[PDB]
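Quick setup: one chain, the form deposited in one PDB entry, written in structure tokens, and binding and motion questions come after.
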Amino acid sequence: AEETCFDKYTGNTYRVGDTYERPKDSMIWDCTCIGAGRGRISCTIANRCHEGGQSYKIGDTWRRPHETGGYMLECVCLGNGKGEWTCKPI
């Protein structure tokens, strides 16, 4: 029988090597089923930004008012292993 990993957040089982997203609270984790006889799962946010209660992949963009409210910004998730982002007026 094929070995699996169980994810308590998605509520699903996965097979070894399977990759998936795990929503937990305001964040989305990139997870991989390893197994190792104990359903070992490795998850990472190293490649994501988490800002304004949303989750972004590298290069994803979002729109945000400038602090003054007079104009809209576009922000991009750069990541840099550190969840970094920047914005410019558009």
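Throughout, we count residues from 1 along the sequence that is shown.
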property: Residue stretch of maximal mean CA temperature factor, 15-23 vs 66-74; result: 15-23
property: Out of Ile58, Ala36, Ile41, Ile45, highest CA B-factor residue; result: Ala36
property: Given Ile90, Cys5, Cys87, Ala1, the residue at which the Cα B factor reaches its maximum; result: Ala1
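From this point on, the text means the form deposited in another entry, which you will not see here.
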{"property": "Rigid part between the shown form and the other one, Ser55 matching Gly39", "result": "no"}
